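Okay, so here's just one chain, in structure tokens, the form deposited in one PDB entry.
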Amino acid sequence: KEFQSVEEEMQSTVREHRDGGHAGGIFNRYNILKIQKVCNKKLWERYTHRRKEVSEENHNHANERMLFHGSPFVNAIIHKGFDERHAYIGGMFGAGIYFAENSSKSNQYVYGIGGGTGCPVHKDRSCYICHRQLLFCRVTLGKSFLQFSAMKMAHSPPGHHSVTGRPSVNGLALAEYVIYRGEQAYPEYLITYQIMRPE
């Protein structure tokens, strides 16, 4: 039921994307192959230490969410953790680590920015054959700065612990959540999956 619950969040948060599947491929659901809980104690403690500190700075409230992350560097993330040193100015919200509440938004990043050239084997952003990996993560948002338009930050806004990108007419289709310190997320579940050709 733990893994079922993860599988339900993955399927149910899929959305139709404005790019027509260009980045992440064309699909309405996934084939979920495997869900593994990552047990990296050094990383868990880094995470909970920071979460305690953020909660102190936010009226005894971590504001933690479970959110998706797609990247080509999933296997480094599970061993070494998220690392803001690999983030550069860019994106809507600058040099942060980005997360989605819609699994299909994160899927757009699994093979690179805008999907890169897709899977290594077939160079196909809509590959139905190769197995993809997404993380489903605990993220400490603390006091989160709501923003609609591009604001390329190096760090959290003063007094804040994250940025939440809200949907807006000339802006985002879907929400996105941005942290500027690697220790504010833990890669809790590693999900191995395929996108499924539509019916």
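Just so we're on the same page, rigid core means the largest C-alpha set that superposes within 1.5 Å between forms. Position 1 is the first residue in the sequence shown; the rest follow in order. Shifts are known only where both forms have a C-alpha.
There is also a form deposited in another entry; it is not shown, and the following applies to it.
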| query | finding |
| --- | --- |
| Option from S168, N28, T48, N31 moving between the shown form and the other one, CA shift at or above 2 Å, rigid core reference | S168 |
| Relative Cα spacing, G171 and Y177, in the other entry - shift of 3 Å or more | farther |
| Closer or farther: C-alpha pair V169/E101 in the other entry, relative to this form, given a change of 3 Å or more | closer |
| Sequence-ordered runs, three or more residues, C-alpha shift 2 Å or more between the shown form and the other one, rigid core | 88-90, 166-172 |
